[PDB]
$ cat run_24.cif   # mmCIF, C-alpha atoms
data_work
loop_
_atom_site.group_PDB
_atom_site.id
_atom_site.type_symbol
_atom_site.label_atom_id
_atom_site.label_comp_id
_atom_site.auth_asym_id
_atom_site.auth_seq_id
_atom_site.Cartn_x
_atom_site.Cartn_y
_atom_site.Cartn_z
ATOM 1 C CA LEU A 1 99.561 92.732 115.605
ATOM 2 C CA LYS A 2 103.326 92.570 115.122
ATOM 3 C CA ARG A 3 102.645 90.761 111.881
ATOM 4 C CA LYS A 4 100.424 93.640 110.789
ATOM 5 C CA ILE A 5 103.085 96.230 111.589
ATOM 6 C CA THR A 6 105.664 94.293 109.598
ATOM 7 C CA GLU A 7 103.256 94.022 106.695
ATOM 8 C CA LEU A 8 103.108 97.805 106.484
ATOM 9 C CA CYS A 9 106.819 98.139 106.761
ATOM 10 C CA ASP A 10 107.380 95.658 104.045
ATOM 11 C CA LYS A 11 104.985 97.324 101.737
ATOM 12 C CA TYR A 12 106.660 100.629 102.197
ATOM 13 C CA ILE A 13 110.194 99.435 101.887
ATOM 14 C CA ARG A 14 109.537 97.518 98.726
ATOM 15 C CA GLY A 15 109.128 100.293 96.234
ATOM 16 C CA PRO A 16 112.280 102.234 95.339
ATOM 17 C CA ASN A 17 112.355 104.671 98.211
ATOM 18 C CA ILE A 18 115.744 105.514 99.719
ATOM 19 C CA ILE A 19 115.530 103.396 102.863
ATOM 20 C CA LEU A 20 117.275 104.632 106.019
ATOM 21 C CA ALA A 21 118.079 101.764 108.367
ATOM 22 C CA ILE A 22 119.460 102.379 111.857
ATOM 23 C CA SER A 23 121.092 99.943 114.264
ATOM 24 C CA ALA A 24 121.994 100.161 117.944
ATOM 25 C CA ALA A 25 125.632 99.300 118.632
ATOM 26 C CA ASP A 26 124.595 96.958 121.445
ATOM 27 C CA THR A 27 122.658 94.644 119.136
ATOM 28 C CA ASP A 28 124.637 92.561 116.653
ATOM 29 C CA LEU A 29 124.261 93.629 113.021
ATOM 30 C CA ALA A 30 122.868 90.282 111.877
ATOM 31 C CA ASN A 31 120.451 90.385 114.800
ATOM 32 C CA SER A 32 118.766 93.728 114.051
ATOM 33 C CA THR A 33 115.568 93.575 111.982
ATOM 34 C CA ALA A 34 116.088 96.987 110.373
ATOM 35 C CA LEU A 35 119.237 96.000 108.465
ATOM 36 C CA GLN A 36 117.891 92.469 107.952
ATOM 37 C CA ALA A 37 114.722 93.732 106.257
ATOM 38 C CA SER A 38 116.790 96.285 104.333
ATOM 39 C CA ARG A 39 118.753 93.338 102.948
ATOM 40 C CA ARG A 40 115.480 91.463 102.383
ATOM 41 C CA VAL A 41 114.037 94.086 100.015
ATOM 42 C CA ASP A 42 117.461 95.282 98.751
ATOM 43 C CA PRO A 43 120.005 92.486 98.143
ATOM 44 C CA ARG A 44 122.461 94.761 96.350
ATOM 45 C CA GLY A 45 122.413 97.326 99.160
ATOM 46 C CA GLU A 46 122.369 100.038 96.491
ATOM 47 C CA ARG A 47 119.365 102.093 97.678
ATOM 48 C CA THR A 48 119.783 101.736 101.469
ATOM 49 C CA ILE A 49 122.094 103.607 103.831
ATOM 50 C CA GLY A 50 122.824 102.495 107.379
ATOM 51 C CA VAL A 51 123.208 104.457 110.604
ATOM 52 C CA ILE A 52 124.852 102.983 113.695
ATOM 53 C CA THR A 53 123.392 104.698 116.760
ATOM 54 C CA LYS A 54 124.195 104.593 120.496
ATOM 55 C CA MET A 55 127.856 104.498 119.485
ATOM 56 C CA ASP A 56 129.243 106.452 122.417
ATOM 57 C CA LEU A 57 129.435 103.357 124.615
ATOM 58 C CA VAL A 58 131.827 101.271 122.496
ATOM 59 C CA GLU A 59 135.556 101.124 121.821
ATOM 60 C CA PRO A 60 136.913 102.842 118.718
ATOM 61 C CA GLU A 61 137.956 99.374 117.819
ATOM 62 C CA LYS A 62 134.224 98.676 118.082
ATOM 63 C CA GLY A 63 133.350 101.653 115.929
ATOM 64 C CA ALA A 64 135.751 100.464 113.292
ATOM 65 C CA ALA A 65 134.219 97.105 113.492
ATOM 66 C CA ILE A 66 130.756 98.441 113.029
ATOM 67 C CA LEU A 67 131.140 101.587 110.953
ATOM 68 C CA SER A 68 133.233 99.658 108.479
ATOM 69 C CA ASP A 69 132.309 96.074 107.840
ATOM 70 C CA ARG A 70 132.636 93.775 104.879
ATOM 71 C CA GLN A 71 130.136 91.253 106.076
ATOM 72 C CA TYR A 72 127.402 93.288 104.598
ATOM 73 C CA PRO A 73 128.720 96.028 102.288
ATOM 74 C CA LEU A 74 126.493 98.556 100.589
ATOM 75 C CA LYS A 75 126.907 101.672 98.521
ATOM 76 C CA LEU A 76 126.442 104.983 100.341
ATOM 77 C CA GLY A 77 128.157 103.367 103.358
ATOM 78 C CA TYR A 78 127.156 103.399 107.017
ATOM 79 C CA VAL A 79 127.150 106.499 109.229
ATOM 80 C CA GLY A 80 127.838 106.149 112.947
ATOM 81 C CA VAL A 81 126.623 108.920 115.245
ATOM 82 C CA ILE A 82 125.650 109.353 118.875
ATOM 83 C CA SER A 83 122.377 111.198 119.291
ATOM 84 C CA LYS A 84 121.041 112.272 122.696
#

$ encode --input "run_24.cif" --output "structure tokens"
Amino acid sequence: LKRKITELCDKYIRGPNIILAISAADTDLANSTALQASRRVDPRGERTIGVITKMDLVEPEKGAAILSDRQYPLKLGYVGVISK
């Protein structure tokens, strides 16, 4: 079931589509599957952009930690935004 869903996701991400990964601020970056699979199919991080969501409930220090990181840099950068 879950394995089947992942299988589709993997197939789709593989080919050179511009992949849009999102990440909740509550979950740690390494922890989230979205960015982890984005790094799985794209090691250079050249064709994937990141969005950090649910960012209203964190310190600005926290935003700086997340919006700008060096642990996992990519072209096109990350974009933090609160949607709701």

$ residues_around --input "run_24.cif" --residues "residue 63 of chain A" --least-positions-apart "6" --cutoff "12 Å" --atoms "only C-alpha atoms" --output "ChimeraX atom specification"
/A:24-26,51-57,69,78-82

$ residues_around --input "run_24.cif" --residues "segment 31-36 of chain A" --least-positions-apart "3" --cutoff "6 Å" --atoms "all atoms listed in the file" --output "MDAnalysis selection string"
chainID A and resid 21 28 39

$ closest_residue --input "run_24.cif" --among "A:67, A:9, A:49, A:1" --to "residue 37 of chain A" --atoms "all atoms listed in the file"
A:9

$ atom_distance --input "run_24.cif" --atom1 "atom CA of residue 70 of chain A" --atom2 "atom CA of residue 43 of chain A"
14.4 Å

$ residues_near_point --input "run_24.cif" --point "(124.8, 98.9, 102.0)" --cutoff "8 Å" --atoms "all atoms listed in the file" --output "ChimeraX atom specification"
/A:44-50,72-78

$ atom_distance --input "run_24.cif" --atom1 "atom CA of residue 41 of chain A" --atom2 "atom CA of residue 62 of chain A"
27.5 Å

$ closest_residue --input "run_24.cif" --among "A:42, A:64, A:58, A:71" --to "residue 13 of chain A" --atoms "all atoms listed in the file"
A:42

$ atom_distance --input "run_24.cif" --atom1 "atom CA of residue 5 of chain A" --atom2 "atom CA of residue 27 of chain A"
21.0 Å

$ axis_aligned_box --input "run_24.cif" --around "segment 19-28 of chain A" --padding-each-side "3 Å" --output "JSON"
{"center_x": 120.6, "center_y": 98.6, "center_z": 112.2, "size_x": 16.1, "size_y": 18.1, "size_z": 24.6}

$ closest_residue --input "run_24.cif" --among "A:3, A:20, A:10, A:68" --to "residue 40 of chain A" --atoms "all atoms listed in the file"
A:10
